[PDB]
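For reference, the structure is listed below as structure tokens.
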2 protein chains.
Amino acid sequence: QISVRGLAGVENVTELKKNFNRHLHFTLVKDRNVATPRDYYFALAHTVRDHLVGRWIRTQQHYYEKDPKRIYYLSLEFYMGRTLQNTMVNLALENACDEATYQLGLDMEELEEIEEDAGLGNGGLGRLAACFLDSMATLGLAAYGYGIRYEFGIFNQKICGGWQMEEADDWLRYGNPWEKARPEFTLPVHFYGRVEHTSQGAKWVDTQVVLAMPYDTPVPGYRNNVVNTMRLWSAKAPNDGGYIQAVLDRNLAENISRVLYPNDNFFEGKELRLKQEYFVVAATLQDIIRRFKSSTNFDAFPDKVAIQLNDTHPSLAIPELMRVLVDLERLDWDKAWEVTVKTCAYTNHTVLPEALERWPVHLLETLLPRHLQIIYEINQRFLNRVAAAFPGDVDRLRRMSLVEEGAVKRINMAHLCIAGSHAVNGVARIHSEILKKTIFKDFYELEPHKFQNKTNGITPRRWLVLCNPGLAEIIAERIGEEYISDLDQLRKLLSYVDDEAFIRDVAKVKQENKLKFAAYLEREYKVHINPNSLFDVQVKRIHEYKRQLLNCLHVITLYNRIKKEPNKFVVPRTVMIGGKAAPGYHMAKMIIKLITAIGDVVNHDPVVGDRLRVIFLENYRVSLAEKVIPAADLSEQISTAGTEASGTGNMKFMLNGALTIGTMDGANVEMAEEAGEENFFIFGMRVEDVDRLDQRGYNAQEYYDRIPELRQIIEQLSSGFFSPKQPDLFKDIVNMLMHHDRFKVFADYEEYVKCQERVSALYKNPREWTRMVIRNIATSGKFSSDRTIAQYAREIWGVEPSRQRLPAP
Amino acid sequence: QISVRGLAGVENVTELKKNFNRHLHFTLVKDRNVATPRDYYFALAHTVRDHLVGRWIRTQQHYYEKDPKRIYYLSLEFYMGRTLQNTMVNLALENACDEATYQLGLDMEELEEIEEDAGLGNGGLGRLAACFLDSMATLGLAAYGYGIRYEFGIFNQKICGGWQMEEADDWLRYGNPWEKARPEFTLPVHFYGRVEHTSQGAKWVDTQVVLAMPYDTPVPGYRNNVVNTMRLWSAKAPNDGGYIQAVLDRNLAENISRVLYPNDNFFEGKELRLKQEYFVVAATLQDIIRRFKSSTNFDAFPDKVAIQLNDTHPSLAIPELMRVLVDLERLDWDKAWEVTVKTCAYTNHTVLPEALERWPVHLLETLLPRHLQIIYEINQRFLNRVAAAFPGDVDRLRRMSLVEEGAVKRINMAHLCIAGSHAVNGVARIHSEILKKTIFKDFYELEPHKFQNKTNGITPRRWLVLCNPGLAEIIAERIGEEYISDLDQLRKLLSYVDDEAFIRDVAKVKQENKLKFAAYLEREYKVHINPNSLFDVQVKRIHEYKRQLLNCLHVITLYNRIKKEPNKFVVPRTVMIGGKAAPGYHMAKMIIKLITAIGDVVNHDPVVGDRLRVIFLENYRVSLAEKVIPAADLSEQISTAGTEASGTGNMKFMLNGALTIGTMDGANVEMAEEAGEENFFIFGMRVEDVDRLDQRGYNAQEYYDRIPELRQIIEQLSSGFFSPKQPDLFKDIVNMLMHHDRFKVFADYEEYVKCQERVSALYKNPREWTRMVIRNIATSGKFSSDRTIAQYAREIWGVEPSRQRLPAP
Ligand SMILES: O=C(O)CO/N=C1\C2=CC=CCC2=N\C1=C1/C(=O)N=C2CC=CC=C21
Ligand SMILES: O=C(O)CO/N=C1\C2=CC=CCC2=N\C1=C1/C(=O)N=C2CC=CC=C21
Ligand SMILES: O=C(O)CO/N=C1\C2=CC=CCC2=N\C1=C1/C(=O)N=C2CC=CC=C21
Ligand SMILES: O=C(O)CO/N=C1\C2=CC=CCC2=N\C1=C1/C(=O)N=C2CC=CC=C21
Ligand SMILES: O=C(O)CO/N=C1\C2=CC=CCC2=N\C1=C1/C(=O)N=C2CC=CC=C21
Ligand SMILES: O=C(O)CO/N=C1\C2=CC=CCC2=N\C1=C1/C(=O)N=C2CC=CC=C21
Ligand SMILES: *Cc1c(COP(=O)(O)O)cnc(C)c1O
Ligand SMILES: *Cc1c(COP(=O)(O)O)cnc(C)c1O
């Protein structure tokens with residue numbers, strides 16, 4: 001059908017069709033008389049998977065032969081989403097499969113909707129890991145993703161009575177055709193026990209053993225025949241109060257990989273979580289060393305191995321590597337430390353204090369006794385270095401310590417990561433600067449060379465070609481397909497900004513995507529949006545720092561203005577807000593209820609008509625993002641300046657033809673810089689402004705007293721206007737806004753609504769709105785994760801990316 | 001190589017080889033450079049499995065078309081063993097696969113040893129279910145086996161310091177290529193809750209729901225292209241104190257199918273066990289009704305459905321069927337009961353009281369409130385019938401009640417089964433008679449027509465062709481292959497009893513099997529047996545009623561006689577005893593220690609030499625039975641008369657060329673009757689003799705006082721002769737033998753040792769020993785499970801067996 005989807009060869013389609021029928025018969029064990037859509041989905045999945053194996057085997061065989069430097073990306077989250085379409089795209093099999101299934105009388109799009117999302121992540125951090133895997137394979141790097149195979153991923157969100165209800169994400173129920181279990185490569189992981197000091201070295205004895213069983217998933221590069229591996233570990237009890245009970249208690253050990261902690265940017269110091277963190281680190285490091293000893297002088301270890309820590313979650317890799325080198329390999333401390341530092345690199349994802357991992361000493365003491373001793377030794381030697389560089393600066397010593405004193409002694413994992421890594425990077429320029437100027441200022445002064453910036457990016461395969469084929473096609477028509485793996489080429493679209501044909505096509509694609517999504521909304525969930533309105537969307541995890549509340553205030557403002565002057569014309573809008581709240585985050589759960597409550601009033605007010613709709617997008621996840629983003633007109637990126645490290649959803653919207661209303665926070669700054677501030681809807685306080693307000697002291701009452709419209713809104717919330725049966729339902733929200741709002745919602749309210757008016761004004765001019773859209777798409781090239789990975793490769797890992805096709809399958 | 005293994009066609013081998021390589025590549029995802037023996041085993045397994053699917057699909061499709069009466073065999077145990085070789089045998093693919101793997105440079109026998117046994121059974125009862133499945137498919141019956149998919153089967157037995165150590169049987173670790181998960185057919189099962197009495201009928205509400213997910217395994221008939229199904233249910237928690245904990249607690253529901261209770265002929269009234277029993281019944285009955293409504297007048301239900309209860313374990317099927325018909329389908333009680341009785345049939349497996357299931361009322365009350373009410377109603381109406389037939393016989397009423405009064409009220413499941421079944425059968429003639437004369441005398445008098453006999457049998461495919469190809473071949477040479485599915489034809493071998501060539505061949509095969517096993521003993525376990533000695537073996541579960549102890553006494557007697565007259569000639573013997581003890585059965589565990597202790601003394605006594613060896617066969621299971629039975633010379637079947645209902649191991653030994661020393665118990669009686677008492681080594685008390693002794697009162701002291709050799713043995717045990725470091729180690733054993741031996745070991749001692757002397761005398765005459773062997777093999781035809789199933793079909797289920805090949809694959 002469309003060019004960018006590949007060729008539908010005669011031999012190819014014929015081959016696909018027979019293998020499809022072969023799997024239906026031999027793999028699913030059903031004949032055409034009783035097969036269901038799900039059976040057809042699996043037959044297709046196995047058929048596509050078959051095309052990967054050959055390339056997967058030779059790619060890995062190739063790394064064994066040439067022995068390049070290996071990149072190990074450790075993350076407790078890999079937010080993969082669906083795999084079928086992505087695999088077809090990267091293998092140039094989409095049109096062929098579409099034709100093959102068409103000839104078999106099946107609709108491939110219907111089959112793709114059957115696949116369960118691999119939701120092994122919470123949001124930004126986990127999706128970044130996923131885009132990175134795609135880019136590393138596309139750039140020909142010998143990269144390995146290592147994580148945990150949770151049998152239950154991020155919970156499925158249900159909305160009941162306007163409230164969020166959580167239910168288990170049993171994503172493996174029908175099986176996972178993409179993974180390959182490798183029970184023969186199971187490795188032991190140790191917990192508890194005690195430390196014995198023998199004649200020659202320390203010994204970790206009397207430990208509890210838990211087995212780590214690996215499941216490998218193929219990660220195909222974009223049309224280069226490279227297929228890397230993502231290895232996820234699963235917990236298994238060894239086989240060695242009653243026989244029955246002993247067998248039943250095996251589940252205690254297997255609970256380690258049972259479920260993903262559903263927290264986004266929040267630290268919950270539970271023992272089970274600590275076990276998960278060590279579990280992934282311990283098993284992964286054995287693979288690394290194993291693989292290294294094959295390719296005993298560990299002096300070349302840093303030349304053959306690079307370990308990237310996605311946040312501090314896998315920080316135990318540092319003392320675990322030291323434990324292995326010192327206790328097992330018997331290297332001297334200084335030698336082991338030199339190796340460790342040159343091998344590890346740490347990526348920070350946020351500056352919010354509640355997100356920082358600070359594990360209680362008593363926990364590490366019981367669970368990992370040897371690691372705590374190693375950590376104390378690292379701290380001791382590190383502080384001696386600070387003391388020597390800043391003689392007499394005693395406060396500096398306590399500020400930089402890995403050991404945090406107080407109520408209960410805690411270990412600051414971020415400090416541990418900085419001390420044990422040769423590189424530390426923020427995820428957006430402004431974020432990286434904030435790290436050097438505040439949170440890690442002391443460390444930056446001691447070792448300035450370690451601090452870097454690596455602005456986040458998103459993969460254009462999944463976030464353009466896959467989710468928005470229509471847009472990818474009209475772009476390809478003018479500049480070719482080369483931009484798919486070289487996004488900077490999108491610049492060339494700048495010379496079409498005045499081309500009447502292109503303007504019309506860009507607007508047509510957006511219109512089609514909106515009709516498509518408007519339909520999906522009714523098919524599933526039975527709603528009523530109007531395709532002609534401006535699609536205003538804010539999708540991301542529910543957080544106070546994200547400020548879904550500021551958006552809510554604007555919505556209520558629009559509603560009140562309409563009720564004040566009913567027969568006045570206003571640009572129609574469909575405001576969509578979606579995102580999950582961590583189960584224990586009370587305020588976040590209240591915000592969801594507020595959104596639905598506003599919708600209940602606004603969506604049934606006769607005077608409003610179809611001029612304003614408020615919809616809460618249920619169960620926001622990767623597959624849903626692939627549907628709503630291509631249909632968006634306005635992207636809401638309104639976090640308080642200095643709180644959103646980077647953001648990546650913002651980049652997805654930019655690449656898909658939506659204009660952005662946002663604060664100068666995270667990557668928004670670089671996006672506006674790339675497209676030009678005139679083509680962005682920037683408003684609100686800058687980081688400096690927030691600091692000034694904090695010096696002075698934030699008093700929300702002031703804004704309430706001087707802004708009539710804002711006062712009216714708070715009084716509506718307080719009096720029960722949005723909760724008739726429960727008049728004080730939103731008391732906590734008002735109380736927070738009025739007395740303890742860390743994110744200063746009121747301070748940006750006036751500038752925000754004024755900016756929104758400018759958005760409505762531009763939307764009334766279709767031609768100019770679209771021309772601004774073209775300028776955003778044309779300058780979104782920098783935000784490709786291929787650029788990001790190329791920078792990590794050259795500036796941190798010391799390896800050169802390659803765009804060379806691997807010697808066929 | 002050997003005729004009976006099929007043809008090795010040119011096209012067949014070529015096809016097998018490429019599919020083998022296809023699976024290695026696409027299924028195992030490995031190339032020849034790194035594949036291990038286990039990978040090769042799986043490639044072969046998937047290749048063989050592929051040959052089944054076509055036949056499996058058409059067989060099931062066929063039953064849907066013709067709609068024959070369905071046979072449902074419910075059992076909590078299916079002791080399947082390995083599946084690879086059995087599948088090849090039944091598909092006539094053994095020689096082809098042997099050649100194909102040979103050409104690929106692999107040894108198929110080495111690959112077969114890699115397969116894990118499907119040990120979902122304890123012993124006799126579970127193996128019987130397995131042989132039955134094979135026979136039902138071979139006889140073309142539309143039969144379905146229904147059970148539980150335990151993730152942990154019978155424990156693997158390790159011997160440490162002479163003691164049994166149990167370790168988890170993680171048989172699914174590397175996967176099961178034979179099963180097909182069918183998550184789409186998952187069904188709900190209810191527990192707990194309460195009963196509500198509404199205007200029109202009772203309601204079972206507020207229940208806890210557990211999901212039953214089916215896994216289907218193909219059961220191929222012998223070369224008739226019929227492939228039936230064995231459906232095993234797995235417990236799954238539904239998806240609807242903390243979010244994390246809620247997810248973690250899902251395992252509470254999934255524990256239902258976690259492990260097999262390792263008890264053989266012993267009732268342990270644990271709640272988890274009761275849950276397993278209802279779980280299998282509830283899910284299975286929904287399938288049955290589902291399937292019936294397709295093929296609403298339930299009057300034809302008994303004409304389209306037959307439910308066979310393997311022991312009382314699935315007895316809840318009776319009140320569950322009533323619950324469904326009365327509460328859900330709304331049929332009147334009497335109609336529902338008529339249907340239930342005509343549908344259900346019950347098979348009793350033992351008369352020992354400790355094996356009888358008697359569930360406490362308070363347990364059923366809490367777990368299954370509606371079923372208890374139904375049981376009370378059944379009892380009420382049943383007792384009214386007894387009262388009407390035996391007016392005034394008040395003691396009869398309490399003896400026949402399903403409700404047993406006393407300390408704690410209990411429900412006698414055996415009485416429940418008899419009342420709700422149209423047929424009740426014992427498993428051997430003597431056992432069936434004992435049921436009518438004692439245990440169920442009252443029921444037999446009330447309904448004589450219900451009681452039947454169905455002597456057990458074993459499948460000649462697994463127990464002859466598969467485990468003893470050498471013997472199957474020399475038999476086929478003289479009489480053809482027709483006997484494989486018509487064992488009675490073995491009679492024809494009677495005319496070869498004087499044939500010198502046959503005598504020589506029969507003896508040669510036995511010699512080869514012994515050399516083979518003697519080697520296996522050294523490869524694995526490093527032992528020292530001498531292939532020239534008489535192989536005396538007793539393999540079966542360790543039980544006091546089985547009398548491994550009587551065997552031990554004989555062994556010690558032989559040892560003492562040798563020490564008394566060292567330079568006297570005695571027929572060399574290798575005494576092998578193997579079997580597992582239930583973890584909580586103390587005496588059984590002590591018996592294992594005694595056996596190993598005897599071996600420690602006897603196997604290292606210089607004066608004994610290689611004239612006497614005592615070996616304990618570790619981890620006895622189906623795959624091990626397939627190795628040792630073909631190598632046996634003497635089969636020990638020495639249970640106390642009236643305790644072993646049938647036995648099946650006895651039949652396996654007879655078919656494989658071993659002579660039998662045994663008591664007139666269970667099927668031993670019919671075996672001796674078939675071969676002729678002169679060709680059997682019968683000894684000991686008969687059932688009548690045991691009763692006479694019980695009237696009088698058993699006093700072991702008497703035998704101890706009048707038998708010098710017996711006294712010497714007891715004194716050796718008592719003084720620590722077999723346990724130097726622990727002089728009183730076997731005090732419990734001596735105490736039991738002397739004061740509370742329910743099985744009267746001493747009473748059969750003299751006749752047993754005297755009989756053993758006759759065995760040694762015959763063994764000294766190779767020619768005559770073999771001629772007697774031929775007469776046993778020639779008359780073992782009656783013990784084929786094909787005969788047994790044919791009888792169940794005609795006399796209980798009302799269906800005719802067929803030997804017609806299904807219309808090709
Ligand atoms: O278990 C049953 O009640 C039916 O099992 N049926 C099948 C069945 C059972 C087990 C394995 C494969 C298998 N295929 C089956 C079928 C198929 O492929 N097409 C049809 C059409 C109508 C009825 C049944 C089938
Ligand atoms: O095509 C269909 O609608 C159903 O095909 N169903 C089955 C089916 C088709 C093909 C192979 C096996 C097979 N088993 C099947 C079922 C089973 O085991 N239990 C149930 C309960 C309700 C509906 C269907 C089934
Ligand atoms: O004050 C409290 O007791 C909890 O404040 N909690 C949070 C909280 C406060 C302020 C900003 C963000 C934030 N996230 C929070 C949580 C989160 O993301 N997940 C959980 C789980 C259990 C309790 C709390 C949380
Ligand atoms: O992960 C690794 O360290 C190696 O992964 N290797 C393989 C590998 C990884 C994942 C899927 C398939 C796969 N096949 C692989 C190989 C194969 O088929 N033959 C060889 C020979 C030497 C090294 C490796 C292989
Ligand atoms: O052929 C061999 O002896 C080993 O092949 N090994 C592997 C291997 C072969 C083919 C595909 C994937 C693959 N992964 C492999 C391994 C892995 O993931 N971890 C270990 C640890 C120690 C030895 C081997 C492995
Ligand atoms: O007297 C006792 O406390 C136990 O007697 N137990 C048994 C027992 C006594 C006499 C004959 C057979 C027999 N089997 C027995 C058991 C068996 O097979 N499994 C278990 C598990 C836990 C306790 C006991 C048993
Ligand atoms: C890209 C993405 C995110 C991150 O969005 P932000 O707005 O940067 O927080 C979160 N969830 C999903 C499902 C995503 O696709
Ligand atoms: C046949 C068999 C049994 C039953 O043997 P008996 O001597 O009748 O108790 C038990 N276990 C296994 C593994 C068997 O093959």
Side-chain angles (χ1 to χ4, degrees), chain A residues 1-55 80-118 174-179 218 220 222-223 227 461-462 464-470 472-473 476 481 512-513 516-517 519-520 523-524 622-623 626-627 630 809, chain B residues 22 26-27 53 57 180 183-184:
Chain A
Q1 164 149 280
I2 75 172
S3 171
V4 296
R5 283 190 166 182
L7 318 170
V10 185
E11 255 91 69
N12 250 65
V13 176
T14 306
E15 193 59 36
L16 259 25
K17 288 164 60 184
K18 42 184 284 291
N19 284 305
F20 175 93
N21 284 311
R22 204 248 292 139
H23 273 119
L24 179 67
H25 187 75
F26 294 106
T27 303
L28 276 28
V29 191
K30 291 195 182 182
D31 84 343
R32 210 72 190 273
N33 298 134
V34 294
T36 64
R38 170 167 288 104
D39 294 313
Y40 291 135
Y41 155 68
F42 278 100
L44 178 55
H46 281 100
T47 301
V48 174
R49 171 190 168 289
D50 280 349
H51 287 277
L52 289 171
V53 300
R55 272 163 276 212
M80 306 300 276
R82 288 167 180 165
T83 297
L84 182 53
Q85 200 178 354
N86 189 250
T87 306
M88 288 188 178
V89 169
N90 285 27
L91 259 35
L93 242 41
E94 205 161 12
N95 274 326
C97 291
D98 196 6
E99 181 63 25
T101 58
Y102 174 73
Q103 282 176 39
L104 265 26
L106 301 167
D107 181 358
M108 187 162 84
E109 271 190 52
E110 183 185 68
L111 268 40
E112 298 174 325
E113 290 296 327
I114 293 177
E115 189 179 354
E116 207 72 40
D117 273 33
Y174 296 102
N176 175 359
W178 310 110
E179 69 185 8
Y222 180 72
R223 306 184 182 183
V227 181
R461 270 70 68 180
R462 182 177 298 273
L464 178 53
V465 184
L466 191 156
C467 67
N468 204 346
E473 186 53 38
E481 306 178 6
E512 284 177 352
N513 290 335
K516 217 280 194 303
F517 188 65
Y520 163 100
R523 284 196 189 186
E524 332 275 336
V622 181
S623 67
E626 293 171 2
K627 290 185 177 61
Chain B
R22 204 248 292 139
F26 294 106
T27 303
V53 300
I57 290 173
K180 181 55 184 56
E184 64 270 40

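Chain letters run A, B, ... following the sequence lines, proteins first and then strands; every chain starts at 1.
The backbone N or O of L466(A) sits less than 3.5 Å from a side-chain atom of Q85(A), completing a donor-acceptor pair. Remark: the backbone N or O of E94(A) is not paired with any side-chain donor or acceptor of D98(A) at under 3.5 angstrom. Not one N or O on the side chain of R49(A) forms a donor-acceptor pair closer than 3.5 Å with the backbone of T87(A).
Closest approach of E115(A) and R82(A) over heavy atoms only: O-NE, 3.0 Å.
Residue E113(A) qualifies as enclosed at atom CD: its count of foreign heavy atoms under 6.0 Å is above 12.
With sequence neighbours excluded, the residues that form a ring pair (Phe, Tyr, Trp, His ring centres under 6.0 Å) with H46(A) are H23(A). Residues meeting the side chain to side chain donor-acceptor pair (under 3.5 Å) test with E184(B), sequence neighbours left out: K30(A). Residues that satisfy the ring pair (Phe, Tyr, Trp, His ring centres under 6.0 Å) test with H25(A), not counting sequence neighbours, are absent from this structure.
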**OP:** Test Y41(A) against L84(A) for side-chain contact (heavy atoms from CB on, under 4.5 Å), laying out the working first.
**Re:** CA-CA 9 Å; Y41(A) 155 68; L84(A) 182 53; 3.8 Å; yes

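A donor-acceptor contact closer than 3.5 angstrom links the side chains of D39(A) and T36(A). For the residue pair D117(A) / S623(A), a side-chain donor-acceptor distance below 3.5 Å is found, with atom types taken as modelled.
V465(A) places none of its side-chain heavy atoms less than 4.5 Å from the side chain of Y222(A).
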